[PDB]
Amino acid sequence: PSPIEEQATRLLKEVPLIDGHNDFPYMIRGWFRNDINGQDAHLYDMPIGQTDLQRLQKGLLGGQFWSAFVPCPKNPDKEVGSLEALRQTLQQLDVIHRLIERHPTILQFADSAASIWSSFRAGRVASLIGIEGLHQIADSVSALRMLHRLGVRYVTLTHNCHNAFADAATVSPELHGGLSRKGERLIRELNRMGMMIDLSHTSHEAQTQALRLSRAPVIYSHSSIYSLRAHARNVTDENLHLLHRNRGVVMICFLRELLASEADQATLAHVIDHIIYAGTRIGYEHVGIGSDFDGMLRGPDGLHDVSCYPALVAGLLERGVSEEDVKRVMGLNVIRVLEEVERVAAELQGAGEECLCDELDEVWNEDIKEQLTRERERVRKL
């Protein structure tokens, strides 16, 4: 009805709004235990949470990085907890693929810039996947490459747990003091394979080191601004500048604790303040939208669920952000980063760069290796 609301609706049909982070797959594990057979009525109209398939259509969302999050392992035996997390990751990747496959009119799987656009041309929500923590890979780079093959296109280096590769923000004391030696080596492998690095949930020092080391642009899938609201999860002015040099994107989070000192005061206007702050200081080509819907109980006033994206687009236009810059913040920026991550990987794989391999145990003793070599030479005689 309002000229501003007609303008927002047009932009949402012109370009895809691609949200950086949504934990709807974990809601499905909590509520249904990943059994969605005969649950369409509930999947379209959920009795819990901030995401369902009717409200997803209503908000005119163009794409989504669906989170394949599993919790940090709590088993006192650490080997078992890490391996347990790997199995749970495959369960969450499985229910995401089944959610997409059982609802092809609404959701379409995407793992690239081209597949995002083709999904958007067809009127589907481009359904991408990200894992949230390197605890999920069970210390296995082979497993990580297989997760890329299953459709994972970003890896948050940590969640609320330290791992062998990096320091999380919310846990103290520090383990590695930024990235470990392994972490630095993993950055090279992530760039080589074409996996997008996500720096949300990681410590400020780990961000600084990763932003300097990475040969491809990175993202913050759901982080806000430190200068406006001081929090371990928000991005400092230092790391915002290094993100600019990196050519990355900060996808602004709707978490109330990241927007206001008192959480119940958080609003849609605060999310817009954070987008404008970043856009003013490091350009609107390096800012995105990273809701974290279903990673919280309650959202800000005016951003209560996935139906509220038109109010965000209208609010940005109302504050004097240009149409072209709003389109950038909506999704063009995160598409560009994914495109550049793929382009860097094709360059490095084309040059024949050596991949990172896991440390494996010897399965043969010297007696078995002697039998095999002696057998080979017998065949050479024939």
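Start at 1 and count along the sequence shown; that's the residue number.
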{"query": "Per the entry, higher mean C-alpha B factor between 194-202 and 158-166", "finding": "158-166"}
{"query": "Average Cα temperature factor in the PDB entry - higher stretch of 169-177, 217-225", "finding": "169-177"}
{"query": "Residue with maximal Cα B-factor (values as given in the PDB entry) among 264, 285, 305, 111", "finding": "264"}
{"query": "Residue 54 - which third its CA temperature factor falls in, relative to the rest of the chain", "finding": "lowest"}
{"query": "Record-listed C-alpha B factor of residue 34: chain third", "finding": "middle"}
{"query": "Chain thirds of CA B-factor: placement of residue 368", "finding": "highest"}
{"query": "Entry-reported Cα temperature factor of residue 270, expressed as the chain third it lands in", "finding": "middle"}
{"query": "Among modelled residues of the same chain, the CA temperature factor third for residue 360", "finding": "highest"}
